[PDB]
Structure formats: structure tokens, C-alpha cells
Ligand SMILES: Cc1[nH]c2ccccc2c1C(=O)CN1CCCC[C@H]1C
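Take a look at this one chain, the form deposited without the ligand, written out in C-alpha cells.
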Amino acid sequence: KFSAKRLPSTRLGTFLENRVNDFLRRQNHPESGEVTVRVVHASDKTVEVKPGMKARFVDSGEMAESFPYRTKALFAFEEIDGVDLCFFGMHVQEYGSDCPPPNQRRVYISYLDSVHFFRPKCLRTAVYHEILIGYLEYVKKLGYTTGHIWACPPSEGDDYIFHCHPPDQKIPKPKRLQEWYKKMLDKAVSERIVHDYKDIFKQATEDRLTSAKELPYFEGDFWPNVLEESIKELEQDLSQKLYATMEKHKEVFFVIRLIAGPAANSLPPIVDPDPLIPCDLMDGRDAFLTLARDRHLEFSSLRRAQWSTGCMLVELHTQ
């Protein structure tokens, strides 16, 4: 069988799928199936500071030229009608203890997606909370202090991970997206997994950030681009432009404090218990979108998403 269960295990993957399956066991719903969480890619990368910011702070020695991180691609599958369905995919960026500031001990949830066929429908949000909250708890135990989430609102026909979304899987508005993550984070705050969370604007204000070299620099994030455009415009201060852009989009950006204050200062180095997992199909989101486009693998209906997950799984086992 080329099932998701037969894909190599990881500490992270089995920690997450245990959290989901314990939850589903307690619910004891007849429509629910066994869930599989697999880390299908893990590789070391670096994000280079862009020219505008490089000239302003890197050439003057005020900021690092590049920040090293580990990128992981984790997928969740559920058994529906005897076959696996991939219903959740996430690409993360992890900036460890050997990363120069302002990026050290930070995790960035770059782009996230899902296919709304999780059965039963009533347990869908709860299962996503187990996955996201479970990931925050996991990295918090390894020594990561902060979590960052850009809830980038999608647009019709724009897929982040899964090619051809169901026509009725609706595109949430920024207000809806902010509300979902607020409810999710409020749940982690009450379970004592998260210390507290704030929007990016409230966060920069209460951290007393005065320079753009203090803002964490993430691969593909909105803020490395805002900074380039702000500098370019100012060539025709940077800090007031940054605070203005943060005020306008604060509802989409979350900063999540996992390890707060005193505990955060006496921390040992971050050591990942799992090995690196090469997989060029999951090296970023474009490889799997490209493959699904060329091979006509759609996730627009339940059976189409089940057939696509099957092809996806034989590609993952073949490497």
C-alpha cells in the first residue's frame, strides 16, 4: 500500500497525529476516520536581506546579511471510505538559536491551506486547532519563544497548496480570518500553551521598536517587501512608514508569545530531534502545484481529492 501511514515517521508528525487521534477518540463520531500527520520535507535554507535594506543596515554593519532557517512541509490525511484524503498542508520556517537577531527562536507559518472534506464537518475547526495549537506547543518545548502568523486572505481561483479547490469552499474575508485565529489563539492561551498574542501593530508598539532592523525578516513575508517599497518611495522616515503599513493590515498579522519573560532568558540551544528530509516535490509550494497542474490532479470534489491524494502519495513514496 502507498498509504500516508507507510510514509517515514518523525517525532513532530506522530506528536501531532496523536493529539488529533486522541481528540477524535474522545468524540467517538461514527463518520470520523483515522488521521495521519506526516512531515514530508525538512531542509536548511537562508533568507537574504533585500538590496534596499542591505544598503541601509547590512553595509553599515547594523544588521545580518542572511538568516538561516529550517523549512518543513507537514500534511494531514484522513481515511474516508477506506482511502486517504489529504485535507491540510502547511509550510513552516523555523529560526533557531544559531540564527542572528531579530529572528532567533521564531517560527513563521508561511502559507497554509486545506480541502474542506474532513468528515465529520462539525469536527473540522477542532481538528485544525489540534494541529496548529499542537505545533505551537511542540516548538515551545524545543525552545522557540515566538510564533508568527500571516493570515493572507485568498482570492477566487488562487490556490496556496492544493490545485483546484472545491467551488463551494469559500474564500474568507480578512474579518473572518482574524476571528478564526483569535478564537484558536484564545483557546491556546486558556490551555496555558500560549502566554499571550497581539497584532503586529500592538506588538511593535509595546516592544518599543524604533528601527526597521528590529522587525523579524522572513522569507516571502509581506514586510521585507514593504521595506523595499518604503525605501524606494523615500528616495524620491522608514519607521513611520512601517508603523502606518502595520496599522492598515494589523488584523491579518499575529505575533504569539509562547515563552514569556524570565523563562526566555535562561534557555539552552534549540536541537531538532528529527533528521533532515529531502523531497523536491515538497520544496516550497510551487512544485506540488506544478505537478498537480500538469497531471490534472484536482482537489475540487471528494473523490477527485481522494484520487489526487493517491497520486500524491505514490510520488512521495517514489522519493
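Numbering starts at 1 and follows the sequence shown.
Q: Report, from the record, the number of residues in the deposited sequence between residue 236 and residue 237 that have no coordinates, as none, 1 to 3, 4 to 9, or 10 or more.
A: The entry leaves 10 or more residues without coordinates here.
Q: Test of understanding: from the entry's C-alpha B-factors, which stretch has the higher mean, 255 to 263 or 273 to 281?
A: Looking at the record's C-alpha B-factors, the answer is 255 to 263.
Q: Per the PDB record, is the mean Cα temperature factor higher over 31 to 39 or over 49 to 57?
A: In the deposited entry, the stretch with the higher C-alpha B-factor mean is 49 to 57.
Q: Please pick out which of 162, 243, 117, 75 has the largest Cα B-factor as recorded in the entry.
A: In this record, 243 carries the highest C-alpha B-factor of the candidates.
Q: From 121, 192, 175, 148, pick the one with the largest CA B-factor in the entry?
A: Answer, based on the entry's C-alpha B-factors: 192.
Q: Among the modelled residues of its chain, does the C-alpha B-factor of residue 198 lie in the lowest, middle or highest third?
A: Highest third, going by the recorded CA B-factors of the chain.
Q: Would you please rank residue 219 by its C-alpha temperature factor against the other modelled residues of its chain and give the third it falls in: lowest, middle or highest?
A: Middle third of the chain for residue 219's C-alpha B-factor.
Q: Going by the CA temperature factor in the PDB record, which third of the chain does residue 212 belong to: lowest, middle or highest?
A: As the PDB entry reports it, the C-alpha B-factor of residue 212 lands in the highest third of its chain.
Q: Can you tell me which third, lowest, middle or highest, the CA B-factor of residue 158 falls into for its chain?
A: Middle third, going by the recorded CA B-factors of the chain.
Q: Just say lowest, middle or highest third for the CA B-factor of residue 107 relative to the other modelled residues in its chain.
A: For residue 107, whose C-alpha B-factor we compare with every modelled residue in the chain, the answer is the lowest third.
The same protein also has a form deposited with the ligand bound, omitted here; what follows describes it.
Q: Just to confirm, residue 137 within 4.5 Å of the ligand in the bound PDB entry by heavy atoms?
A: No.
Q: Does the 4.5 Å heavy atom contact test between residue 219 and the ligand in the bound PDB entry come out positive?
A: The answer is yes: residue 219 has a heavy atom within 4.5 Å of the ligand.
Q: Test of understanding: in the bound PDB entry, would residue 108 fall inside 4.5 Å of the ligand by heavy atoms?
A: Residue 108 belongs to the contact set for the ligand.
Q: Please run the contact check for residue 145 against the ligand in the bound PDB entry: heavy atoms, 4.5 angstroms, yes or no?
A: Residue 145: no contact with the ligand in the bound PDB entry.
Q: Partner absent here, but in the bound PDB entry, which of 137 to 145, 188 to 196, 78 to 86, 109 to 117 has residues with a heavy atom within 4.5 Å of the ligand?
A: Going by heavy atoms within 4.5 Å, the stretch is 109 to 117.
Q: Are there residues in 137 to 162 with a heavy atom within 4.5 Å of the ligand in the bound PDB entry, and which are they, in order?
A: Heavy-atom contacts to the ligand in the bound PDB entry: 150, 152, 160.
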